[PDB]
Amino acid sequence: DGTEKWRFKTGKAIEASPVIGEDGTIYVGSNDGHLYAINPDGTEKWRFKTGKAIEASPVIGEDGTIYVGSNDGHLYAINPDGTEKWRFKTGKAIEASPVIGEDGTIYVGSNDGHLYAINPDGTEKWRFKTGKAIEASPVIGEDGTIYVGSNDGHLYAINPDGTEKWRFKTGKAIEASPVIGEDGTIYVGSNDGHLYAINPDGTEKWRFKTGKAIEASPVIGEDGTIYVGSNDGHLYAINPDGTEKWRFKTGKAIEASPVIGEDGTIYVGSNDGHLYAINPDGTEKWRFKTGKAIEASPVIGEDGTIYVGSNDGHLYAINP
């Protein structure tokens, strides 16, 4: 209903989406350098200090391990009881979330330019070098291919053995993670302003121009609609054929991916400070003001709660 359930205070801005564990624990990184585990009632379960700001979402493995990248250059593996299992050092800051393959391999991009494949025991499996920093999380297709965007402007498709399958060049840095449609189409936003729809063979299916850079991953509705936020301040609803369905204006850049609720509501944070709830027909359902710009994608709990991190330093739990 767009009202606050609770707020959890951290020491600095929250730029990264939380993630929810099997037992309902909420995990979130803060620019204050800590990974927090929060109970569903909003009280802190534990924290773990990394060396620098955490600006990427954690991801959870099958056994419960929580993996989180830090600006300190490491990917940490944290046990559910909040003690560290291991860390893996890259050459520079990690600003992108890791992703986990079906065999347990953890893939993470680093500002040192590479995509790393990490075994669950913390040892390197392989690394794939791109031309500039990777600030975007990878995504994995049903056949095991790993897709990742680079500040060198390309979307790379990497085979599970670390060899390149193809690369797709856009006009500027790709800071958005791609998302894969039911037919294997890969959608990815570029700083050149376009949402690109890419066929599994690396050829372009179509492109959609927005007014400014796209820094936010698209998300796909159950009807096939692709939703993506733009720095031009709009949330765009895009048909599978590349034509616009509707657009929704917020007051400032949208740097955060949207998320889709059980009833089909689309939620998205704006740099104007609000969380918006949008109906599938593009009309506003409600908005909620946090203290400062929202750069973090919201995440939905099983009871419908919407969790959103804000530059005002809090994680908000919002009723639906």
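We number the residues from 1 along the sequence you see.
- Relative to its counterpart among 238-246 and 76-84, 238-246 has the higher mean temperature factor, C-alpha atoms as listed in the PDB entry.
- As the entry records it, the average C-alpha temperature factor is higher for 215-223, out of 115-123 and 215-223.
- Comparing the listed residues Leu275, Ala256, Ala37, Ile66, the entry records the largest Cα B-factor for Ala256.
- In the deposited entry, the Cα temperature factor of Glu15 sits in the middle third of values across the chain's modelled residues.
- Placement of the Cα temperature factor of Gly313 within the chain: lowest third of the modelled residues, per the deposited record.
- In this PDB entry, the Cα temperature factor of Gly189 sits in the middle third of its chain's modelled residues.
- Looking at the C-alpha B-factors along this chain, the one for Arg287 belongs to the lowest third.
- In the deposited entry, the Cα temperature factor of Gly42 places it in the lowest third of its chain's modelled residues.
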